[PDB]
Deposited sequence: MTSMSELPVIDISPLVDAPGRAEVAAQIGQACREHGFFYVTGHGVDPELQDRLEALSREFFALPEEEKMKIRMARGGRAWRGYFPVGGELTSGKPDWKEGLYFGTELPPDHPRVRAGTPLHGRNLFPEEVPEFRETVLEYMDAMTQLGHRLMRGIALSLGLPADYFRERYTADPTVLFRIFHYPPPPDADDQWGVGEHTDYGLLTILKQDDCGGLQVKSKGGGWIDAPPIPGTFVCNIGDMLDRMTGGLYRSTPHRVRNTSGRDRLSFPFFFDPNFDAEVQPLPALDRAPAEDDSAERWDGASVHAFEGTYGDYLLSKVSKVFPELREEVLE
């Protein structure tokens, strides 16, 4: 049975010892887990999906007004079919790249740090901007709470992450649209935690040994472990190998990752061994992976 964890105690409810234990079991046995009781408003989620379908149904020429080339070093905007390079060929996939909304007078923008700056939003869906940023705020708060549960599940103090790597976290948010195939015909996330919202007719899969379906479950987010959490636990919490295998699907992966300048180190007690070998900051690490998916910029 797939692990579905009620995380209400980490959100708005009285404490329950079993929550941290269940998170630990899920990371050790499965590498991923569903969460319920996350506190993210369902109407906000429904409005994010509705405004997303509205955007992807626009004409291509309108969608390309917020194409990623206009996002600059901030790494934001729209990509059409073929716009992402995965498995060595342009992907039959379109989507949207978002990150923290930073004003131009923010020090990171004034320093010209890659992956920092403003998001792009379409003139044609005027209420999309507010919905997206409210969702990112809700998910950023959920991320911090889930890292506490992850800390507890390792026998650590609950604020272990907040005090070292995630006080000022790297938050990345994408909206992916998979059209039905034109004809009839594996990876790991790089940060700490992926919090994924799936649509109902979603088709996601995760490894085990065996590829298993991680079907959509109402009221849940699917969470999995990233390369940096793998590194920090010396491989105890294994970064989750997954893939998307039909018709028209939307998905909304949210990534809760370390500070851009954080050097995530293995716990001394688990440091017995990319990933475990990598010298540099999370920003260095993230930047290398971004250079491969978009050779443009």
item	value
Deposited sequence positions missing from the model - stretches, numbered from 1, in order	1-5, 191-196, 220-221, 259-261, 290-302, 327-332
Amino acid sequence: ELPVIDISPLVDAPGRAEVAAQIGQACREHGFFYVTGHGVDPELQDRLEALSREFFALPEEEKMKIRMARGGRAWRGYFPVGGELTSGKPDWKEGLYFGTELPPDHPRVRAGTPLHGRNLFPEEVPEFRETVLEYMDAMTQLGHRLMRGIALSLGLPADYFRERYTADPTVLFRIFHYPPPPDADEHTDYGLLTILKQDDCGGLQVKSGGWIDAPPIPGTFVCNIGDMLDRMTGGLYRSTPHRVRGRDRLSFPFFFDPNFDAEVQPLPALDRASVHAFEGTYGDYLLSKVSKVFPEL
From here on, numbers count along this sequence of modelled residues.
item	value
Given 236-244 and 39-47, the range whose Cα B-factors average higher in the PDB entry	236-244
Given 167-175 and 193-201, the range whose Cα B-factors average higher in the PDB entry	193-201
Largest Cα B-factor, entry values, listed residues 206, 132, 102, 217	206
Most elevated Cα B-factor in the entry, residues 82, 210, 72, 95	210
Ranked C-alpha temperature factor of residue 283 among modelled chain residues, by third	highest
Modelled-residue ranking by C-alpha temperature factor, third containing residue 66	lowest
Residue 149 CA temperature factor, ranked by third within the chain	lowest
CA B-factor placement of residue 222, once the chain's modelled residues are sorted into thirds	lowest
Modelled-residue ranking by C-alpha temperature factor, third containing residue 180	highest
